[PDB]
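Engineer: Dropping the structure in here first, questions after.
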Protein chains: 2
Amino acid sequence: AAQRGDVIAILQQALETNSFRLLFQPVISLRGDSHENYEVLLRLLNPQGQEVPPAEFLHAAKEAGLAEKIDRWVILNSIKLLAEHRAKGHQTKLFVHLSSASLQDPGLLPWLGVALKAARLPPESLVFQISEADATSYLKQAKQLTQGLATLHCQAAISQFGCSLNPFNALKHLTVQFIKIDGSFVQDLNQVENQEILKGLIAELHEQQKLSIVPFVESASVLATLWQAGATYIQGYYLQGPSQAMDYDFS
Amino acid sequence: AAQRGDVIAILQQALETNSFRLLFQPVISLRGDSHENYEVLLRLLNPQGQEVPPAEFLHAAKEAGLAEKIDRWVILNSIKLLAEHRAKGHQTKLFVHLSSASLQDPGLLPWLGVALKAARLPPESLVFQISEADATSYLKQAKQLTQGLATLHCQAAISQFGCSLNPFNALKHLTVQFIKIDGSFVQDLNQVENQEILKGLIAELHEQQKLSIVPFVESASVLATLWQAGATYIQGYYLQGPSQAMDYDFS
C-alpha cells in the first residue's frame with residue numbers, strides 16, 4: 001500500500017498464470033425456485049498482492065480488445081466450479097456476465113457448444129447476464145444469441161434494466177427469463193412514490209412472465225420493502241456480499 | 001469468508017466512529033497546471049475487518065437518506081487533510097464527489113462557506129464533481145450550485161460526460177471548468193473511428209475553454225493515444241490507483 005501497474009499487461013499475464021480471482025454473490029428467492037443462485041463476479045490481483053479496481057481492469061480489457069477472451073475464461077472456470085458443485089448434491093445456477101464483445105461475436109455459442117457437454121452440465125444450469133445498454137445497442141445479435149442459448153438449454157438475463165427510453169420494447173424480440181432491475185429504482189426508498197414506481201415496474205414484468213431480480217438489499221427494512229414491491233428475486237450485502245466460496249445457506 | 005451485514009447501520013455506525021476510509025487517485029496534467037490534483041474516493045470498513053463494496057454502500061446511503069450526511073463528512077475531512085497537506089508545502093487541488101441529494105439541498109452552500117472560512121482554505125482549492133446524469137436531472141439546482149460555488153472561489157466538474165442526448169446543452173447553463181469524459185469513450189481505442197470521436201469531443205470541449213479529464217489510462221499505449229486525442233488531464237491505474245495517502249510524485 002499503495003501502488004499502480006500496467007493493467008493490460010497484468011491482464012494478459014493473468015490469462016496464463018490464471019491469477020484471476022472468481023467471486024460469488026448469492027441471488028435469493030422470494031417467489032421463485034428454491035435452487036441455489038450465485039452471480040459470479042471477477043476480481044483481479046496485481047503482481048504485488050492488492051487487487052485492482054474492477055472498473056479499471058474491466059476498461060483495460062476493452063482497451064486491449066481482450067474482453068471476449070476474458071469472458072471465455074470465466075465461462076470455463078464457472079462450469080468446472082459448477083461440475084464440482086452440482087456433482088456434490090447441490091443444484092445451483094450461476095449468473096455469468098457477457099460483454100458487448102462476446103455478445104457480437106457469433107463464434108461464442110458454437111464454442112460454448114463444446115464446453116458444457118464436455119462437463120455434462122445439467123440443462124438450465126447457466127444464466128448469461130448482459131446489460132440493457134448492450135441489449136439495446138446490439139439488439140439483433142442479442143436476439144440471435146438468446147435464441148441460441150434457448151436451443152442449448154441455457155438461460156438469458158438482462159441487468160441494469162429500466163433505464164432506456166422504452167425499456168420494454170427491447171424485450172419483445174429476445175428470449176430472456178430473468179430481468180435484473182437497475183439500482184436506480186432502489187434509490188430513495190424512504191419515499192412512497194418511488195416504492196410505487198418499483199411496484200409498477202415489477203408488476204409490468206410479472207405480466208410478461210419475467211423473473212424480477214432486485215439488487216442492493218442493505219437492511220431488513222429494504223428486504224421488506226422489496227417483498228412488498230413483489231420482487232421474485234433479491235440480492236444484497238445484508239443477505240451476503242461477494243465471497244470467495246459458494247457458501248451461503250439457502251434454507 | 002464470508003461477508004455480510006446491515007450496511008445502513010454500518011454507515012450510521014461509521015458516521016461518528018469516523019470509520020470511513022478516504023482514498024486518493026491522482027489526476028495527471030498533460031496540458032494543464034502543474035498543481036497536484038487528487039480525486040478523493042470513499043471506502044467503508046465493516047465491523048469485522050474487510051471492506052464492503054462501494055456500489056453496495058453508496059446504494060445503502062441513498063436508500064436511507066444518508067447521502068448528504070456522508071457528502072458533508074467527506075467535504076469536512078477533505079478540508080482538513082488539505083489543510084495538513086497544503087500547509088506542508090504542497091499546492092494541491094481536490095476533486096470531491098457530490099451526490100444528487102447534496103445537489104438538491106440549499107444549505108450546502110452556506111454550510112460549506114462556514115467550513116471553508118473555519119480552515120482558511122485557499123481560493124480555487126476545491127473542485128466539486130457531479131455526474132452528467134445528476135446535473136441533467138436537476139438542471140436548475142445544478143446551475144444555482146455551480147453559480148454559488150463560483151462565489152466561494154471553488155471549481156466544478158461534470159463526470160461521465162458525453163452520454164446524454166445533447167451533452168453540451170446542459171453545459172451552457174453550468175459554471176464548470178473541468179469536464180470528465182465518460183469511460184465508454186475510452187473503450188476499443190484500437191479502432192480508428194473511436195479515436196476520431198474522442199478527438200472531436202475533446203476538441204469541442206477545448207473550444208468552450210473547458211478542461212477535459214479522461215480516465216482509465218491503463219497502459220503507456222493508452223496514455224499516448226489520449227495525449228494524441230488532446231486530453232488536458234488524464235487519470236488511470238497505469239499512472240496510480242486509489243491510494244491511502246497523497247503520495248504521488250507529480251514530477
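Quick note on naming: the chains in the C-alpha cells go A, B, ... in the order shown, residues restart at 1 in each chain, and ligands are numbered from 1 in order of appearance.
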Could you name the residues that touch residue 30 (chain B) at 10 Å or less, counting only C-alpha atoms, but leaving out those on the same chain fewer than 5 positions away, as a PyMOL selection string?
Structural biologist: chain B and resi 213+223+226-227+230-234
Engineer: Would you export the selected residues with N, CA and C atoms as a PDB file, in the first residue's frame, please?
Structural biologist:
ATOM      1  N   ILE B 213     -10.853  15.906 -18.737  1.00  0.00           N
ATOM      2  CA  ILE B 213     -10.213  14.848 -17.965  1.00  0.00           C
ATOM      3  C   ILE B 213     -10.660  13.506 -18.542  1.00  0.00           C
ATOM      4  N   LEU B 223      -2.113   6.046 -22.800  1.00  0.00           N
ATOM      5  CA  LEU B 223      -1.660   7.392 -22.451  1.00  0.00           C
ATOM      6  C   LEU B 223      -1.246   8.141 -23.708  1.00  0.00           C
ATOM      7  N   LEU B 226      -4.280   9.098 -25.759  1.00  0.00           N
ATOM      8  CA  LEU B 226      -5.015  10.195 -25.142  1.00  0.00           C
ATOM      9  C   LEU B 226      -4.302  11.530 -25.309  1.00  0.00           C
ATOM     10  N   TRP B 227      -2.974  11.525 -25.205  1.00  0.00           N
ATOM     11  CA  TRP B 227      -2.208  12.735 -25.472  1.00  0.00           C
ATOM     12  C   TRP B 227      -2.483  13.169 -26.903  1.00  0.00           C
ATOM     13  N   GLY B 230      -5.807  14.893 -27.332  1.00  0.00           N
ATOM     14  CA  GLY B 230      -5.816  16.276 -26.888  1.00  0.00           C
ATOM     15  C   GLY B 230      -6.272  16.491 -25.458  1.00  0.00           C
ATOM     16  N   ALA B 231      -6.398  15.404 -24.703  1.00  0.00           N
ATOM     17  CA  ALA B 231      -6.801  15.481 -23.301  1.00  0.00           C
ATOM     18  C   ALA B 231      -5.866  16.379 -22.493  1.00  0.00           C
ATOM     19  N   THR B 232      -6.444  17.261 -21.681  1.00  0.00           N
ATOM     20  CA  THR B 232      -5.656  18.200 -20.883  1.00  0.00           C
ATOM     21  C   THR B 232      -5.314  17.622 -19.509  1.00  0.00           C
ATOM     22  N   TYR B 233      -6.124  16.669 -19.055  1.00  0.00           N
ATOM     23  CA  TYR B 233      -5.815  15.889 -17.861  1.00  0.00           C
ATOM     24  C   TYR B 233      -6.134  14.420 -18.122  1.00  0.00           C
ATOM     25  N   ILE B 234      -5.426  13.525 -17.438  1.00  0.00           N
ATOM     26  CA  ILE B 234      -5.723  12.098 -17.509  1.00  0.00           C
ATOM     27  C   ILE B 234      -5.703  11.475 -16.116  1.00  0.00           C
TER      28      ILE B 234
END
Engineer: Considering only C-alpha atoms, return as a count of residues only whatever protein or nucleic-acid residues lie within 12 Å of residue 7 (chain B), sequence-local ones (same chain, fewer than 2 positions apart) excluded.
Structural biologist: 41
Engineer: Would you compute the distance between CA of residue 248 (chain B) and CA of residue 1 (chain A)? Give it in Å to one decimal.
Structural biologist: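 That distance, rounded to one decimal, is 12.4 Å.
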Engineer: List the neighbours of residue 208 (chain A) out to 12 Å using only C-alpha atoms; skip same-chain residues closer than 2 positions along the sequence, and give me the result as a list in words.
Structural biologist: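 In the requested format, the answer is residues 168, 169, 171, 172, 175, 176, 177, 178, 179, 201, 202, 203, 204, 205, 206, 210, 211 and 212 of chain A.
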Engineer: So, counting only C-alpha atoms, which residue among A:229, A:224, A:157, A:119 is closest to residue 84 (chain A)?
Structural biologist: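 Using only C-alpha atoms, residue 84 (chain A) sits closest to A:119.
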Engineer: In Å, with one decimal, what is the gap from CA of residue 152 (chain B) to CA of residue 164 (chain B)?
Structural biologist: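 It comes out at 28.9 Å.
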Engineer: May I ask which of the residues A:162, A:49, A:113, A:122 is the closest one to residue 76 (chain A), counting only C-alpha atoms?
Structural biologist: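 For residue 76 (chain A), the nearest of the candidates is A:113.
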Engineer: Find the spatial neighbours of residue 132 (chain B), counting only C-alpha atoms, within a cut-off of 10 Å - ignore same-chain residues fewer than 3 positions away - and output them as a list in words.
Structural biologist: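 After dropping sequence-adjacent residues, the list is residues 129, 135, 136, 137, 139, 157, 158, 159, 160, 161, 162, 163, 164, 167, 170, 171, 179, 180, 181 and 182 of chain B.
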Engineer: How would the residues just chosen look if you wrote them out with N, CA, C and O atoms as a PDB file, in the first residue's frame?
Structural biologist:
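Dumped everything to again-v9.pdb:
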ATOM      1  N   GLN B 129     -17.379  17.571  -7.940  1.00  0.00           N
ATOM      2  CA  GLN B 129     -17.626  16.747  -9.110  1.00  0.00           C
ATOM      3  C   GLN B 129     -19.013  16.109  -9.064  1.00  0.00           C
ATOM      4  O   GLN B 129     -19.276  15.241  -8.232  1.00  0.00           O
ATOM      5  N   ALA B 135     -26.636  16.255 -13.074  1.00  0.00           N
ATOM      6  CA  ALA B 135     -26.720  17.654 -13.483  1.00  0.00           C
ATOM      7  C   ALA B 135     -27.862  17.883 -14.471  1.00  0.00           C
ATOM      8  O   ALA B 135     -28.531  18.914 -14.429  1.00  0.00           O
ATOM      9  N   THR B 136     -28.070  16.917 -15.362  1.00  0.00           N
ATOM     10  CA  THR B 136     -29.170  16.955 -16.324  1.00  0.00           C
ATOM     11  C   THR B 136     -30.530  16.777 -15.639  1.00  0.00           C
ATOM     12  O   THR B 136     -31.507  17.443 -15.988  1.00  0.00           O
ATOM     13  N   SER B 137     -30.585  15.880 -14.657  1.00  0.00           N
ATOM     14  CA  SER B 137     -31.826  15.583 -13.943  1.00  0.00           C
ATOM     15  C   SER B 137     -32.321  16.752 -13.100  1.00  0.00           C
ATOM     16  O   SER B 137     -33.527  16.977 -12.982  1.00  0.00           O
ATOM     17  N   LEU B 139     -31.308  20.239 -13.381  1.00  0.00           N
ATOM     18  CA  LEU B 139     -30.566  21.301 -14.074  1.00  0.00           C
ATOM     19  C   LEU B 139     -30.499  22.658 -13.357  1.00  0.00           C
ATOM     20  O   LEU B 139     -29.420  23.233 -13.234  1.00  0.00           O
ATOM     21  N   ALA B 157     -16.946  20.290 -11.649  1.00  0.00           N
ATOM     22  CA  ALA B 157     -16.619  19.290 -12.653  1.00  0.00           C
ATOM     23  C   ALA B 157     -17.838  18.442 -12.977  1.00  0.00           C
ATOM     24  O   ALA B 157     -18.586  18.044 -12.080  1.00  0.00           O
ATOM     25  N   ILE B 158     -18.036  18.170 -14.263  1.00  0.00           N
ATOM     26  CA  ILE B 158     -19.054  17.222 -14.691  1.00  0.00           C
ATOM     27  C   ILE B 158     -18.356  15.910 -15.052  1.00  0.00           C
ATOM     28  O   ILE B 158     -17.433  15.907 -15.867  1.00  0.00           O
ATOM     29  N   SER B 159     -18.774  14.807 -14.434  1.00  0.00           N
ATOM     30  CA  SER B 159     -18.184  13.498 -14.724  1.00  0.00           C
ATOM     31  C   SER B 159     -19.148  12.660 -15.555  1.00  0.00           C
ATOM     32  O   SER B 159     -20.312  13.031 -15.707  1.00  0.00           O
ATOM     33  N   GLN B 160     -18.662  11.542 -16.092  1.00  0.00           N
ATOM     34  CA  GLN B 160     -19.447  10.703 -17.005  1.00  0.00           C
ATOM     35  C   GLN B 160     -20.062  11.509 -18.156  1.00  0.00           C
ATOM     36  O   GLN B 160     -21.153  11.196 -18.633  1.00  0.00           O
ATOM     37  N   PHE B 161     -19.348  12.539 -18.600  1.00  0.00           N
ATOM     38  CA  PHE B 161     -19.844  13.449 -19.627  1.00  0.00           C
ATOM     39  C   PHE B 161     -19.859  12.812 -21.011  1.00  0.00           C
ATOM     40  O   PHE B 161     -18.925  12.103 -21.384  1.00  0.00           O
ATOM     41  N   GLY B 162     -20.922  13.072 -21.769  1.00  0.00           N
ATOM     42  CA  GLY B 162     -20.985  12.671 -23.162  1.00  0.00           C
ATOM     43  C   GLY B 162     -22.038  11.641 -23.524  1.00  0.00           C
ATOM     44  O   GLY B 162     -22.162  11.279 -24.694  1.00  0.00           O
ATOM     45  N   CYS B 163     -22.803  11.170 -22.543  1.00  0.00           N
ATOM     46  CA  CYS B 163     -23.773  10.101 -22.786  1.00  0.00           C
ATOM     47  C   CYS B 163     -25.183  10.613 -23.071  1.00  0.00           C
ATOM     48  O   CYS B 163     -25.965   9.948 -23.754  1.00  0.00           O
ATOM     49  N   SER B 164     -25.506  11.788 -22.539  1.00  0.00           N
ATOM     50  CA  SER B 164     -26.824  12.382 -22.748  1.00  0.00           C
ATOM     51  C   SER B 164     -27.029  12.766 -24.212  1.00  0.00           C
ATOM     52  O   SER B 164     -26.067  12.834 -24.983  1.00  0.00           O
ATOM     53  N   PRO B 167     -25.083  16.617 -24.868  1.00  0.00           N
ATOM     54  CA  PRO B 167     -24.232  16.820 -23.689  1.00  0.00           C
ATOM     55  C   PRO B 167     -23.815  18.270 -23.477  1.00  0.00           C
ATOM     56  O   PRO B 167     -23.687  18.703 -22.331  1.00  0.00           O
ATOM     57  N   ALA B 170     -26.528  21.227 -21.603  1.00  0.00           N
ATOM     58  CA  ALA B 170     -26.549  21.402 -20.155  1.00  0.00           C
ATOM     59  C   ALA B 170     -25.373  22.253 -19.676  1.00  0.00           C
ATOM     60  O   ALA B 170     -25.492  23.001 -18.705  1.00  0.00           O
ATOM     61  N   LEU B 171     -24.244  22.134 -20.369  1.00  0.00           N
ATOM     62  CA  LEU B 171     -23.031  22.872 -20.024  1.00  0.00           C
ATOM     63  C   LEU B 171     -23.184  24.387 -20.181  1.00  0.00           C
ATOM     64  O   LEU B 171     -22.464  25.156 -19.541  1.00  0.00           O
ATOM     65  N   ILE B 179     -14.295  19.017 -17.321  1.00  0.00           N
ATOM     66  CA  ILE B 179     -15.267  18.071 -17.851  1.00  0.00           C
ATOM     67  C   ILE B 179     -14.635  16.687 -17.901  1.00  0.00           C
ATOM     68  O   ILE B 179     -13.697  16.465 -18.665  1.00  0.00           O
ATOM     69  N   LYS B 180     -15.135  15.766 -17.081  1.00  0.00           N
ATOM     70  CA  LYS B 180     -14.587  14.412 -17.044  1.00  0.00           C
ATOM     71  C   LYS B 180     -15.381  13.486 -17.960  1.00  0.00           C
ATOM     72  O   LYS B 180     -16.549  13.190 -17.708  1.00  0.00           O
ATOM     73  N   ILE B 181     -14.729  13.039 -19.027  1.00  0.00           N
ATOM     74  CA  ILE B 181     -15.372  12.246 -20.070  1.00  0.00           C
ATOM     75  C   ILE B 181     -15.728  10.837 -19.595  1.00  0.00           C
ATOM     76  O   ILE B 181     -14.953  10.207 -18.874  1.00  0.00           O
ATOM     77  N   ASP B 182     -16.904  10.355 -19.997  1.00  0.00           N
ATOM     78  CA  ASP B 182     -17.353   9.009 -19.650  1.00  0.00           C
ATOM     79  C   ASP B 182     -16.398   7.946 -20.182  1.00  0.00           C
ATOM     80  O   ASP B 182     -15.860   8.086 -21.280  1.00  0.00           O
TER      81      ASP B 182
END
Engineer: For CA of residue 94 (chain B) and CA of residue 195 (chain B), determine how far apart the two atoms are, in Å to one decimal place.
Structural biologist: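 Interatomic distance here is 29.1 Å.
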Engineer: Hey, which of A:228, A:146, A:166, A:77 ends up closest to residue 106 (chain A)? Count only C-alpha atoms.
Structural biologist: A:146
Engineer: Smallest atom-to-atom distance to residue 23 (chain B): which of B:108, B:101, B:133, B:246, using only C-alpha atoms?
Structural biologist: B:246
Engineer: Of the candidates A:50, A:151, A:187, A:102, which shows the shortest atom-to-atom distance to residue 214 (chain A), using only C-alpha atoms?
Structural biologist: A:187
Engineer: Write out as a PyMOL selection string each polymer residue whose atoms come within 6 Å of residue 127 (chain A), counting only C-alpha atoms; drop sequence neighbours fewer than 3 positions from it.
Structural biologist: chain A and resi 94-95+155-156
Engineer: Now that the selection is made, can you save its residues with C-alpha atoms as a short mmCIF file (atom, residue, chain, number, x, y, z; two decimals), in the first residue's frame?
Structural biologist:
data_model
loop_
_atom_site.label_atom_id
_atom_site.label_comp_id
_atom_site.auth_asym_id
_atom_site.auth_seq_id
_atom_site.Cartn_x
_atom_site.Cartn_y
_atom_site.Cartn_z
CA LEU A 94 -24.66 -19.31 -11.98
CA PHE A 95 -25.20 -15.81 -13.33
CA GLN A 155 -30.95 -19.01 -19.70
CA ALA A 156 -30.71 -15.30 -20.50
#
